[PDB]
């Protein structure tokens, strides 16, 4: 039923680690303040994406047991989850309640940021499907940790070692879904299912960047490593 003292410790630790991120208000205020050209927005995106990866690495290093893993598996986990984690955080930022008309303006600004038409609909469809889950901050934090500690990633040598670390996070998340939404017993399974939708949506991350309506696509060396761009 209830979280154990050890689970409460794990939860507050994950929350404290997760909260070292930029506040959604910092991101949405920037986009809502004024309209920018496609060229300016591409630079805002690359800056934000670089900060997101740097913050993600710090969050990952704090995940209990992560630093006990094989060094090559550590790289495989971070490389395998970095883009999915950015899109999950983007969904969280998009679903944060704002004053009347602001979320509609935010959507319209992002639609006109320079991102190609073919990536627009799948992107906002994913954000709105996440939004329907009505996730709490604890659910986003645990779900991000669960995404990172995915045992089924390509190139992982010791899957069981990763399973052992993901298992207590899944147990805590399941308990919280039962507490936050007792009326909806499908809540937990729905969260897990959206993670598969996140993987599929992530297949074109490199192209979402390369097809941005700008004459030149300049990337930081860290972004090139993470997003598979040159």
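Positions refer to the first chain, counted from 1. Just so we're on the same page, rigid core means the largest C-alpha set that superposes within 1.5 Å between forms.
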Between 35-43 and 183-191, where do the CA atoms move more in 9 other deposited structures of this protein, taking the root mean square over the structures and residues after a core fit? 35-43
Of the two stretches 153-161 and 137-145, CA positions deviate more in 9 other deposited structures of this protein after rigid core alignment for 153-161
According to the deposited model, is the average Cα temperature factor higher in 114-122 or in 139-147? 114-122
Per the entry, where is the mean C-alpha temperature factor higher: 153-161 or 90-98? 153-161
For residue 180, does the deposited CA B-factor place it in the lowest, middle or highest third of the chain? highest
Rank-wise, by C-alpha B-factor, drop residue 85 into the lowest, middle or highest third of its chain. lowest
Ranked C-alpha temperature factor of residue 23 among modelled chain residues, by third: middle
Divide the modelled residues of the chain into thirds by Cα B-factor and specify which third, lowest, middle or highest, holds residue 3. highest
Residue 167: which third of its chain by C-alpha temperature factor? middle
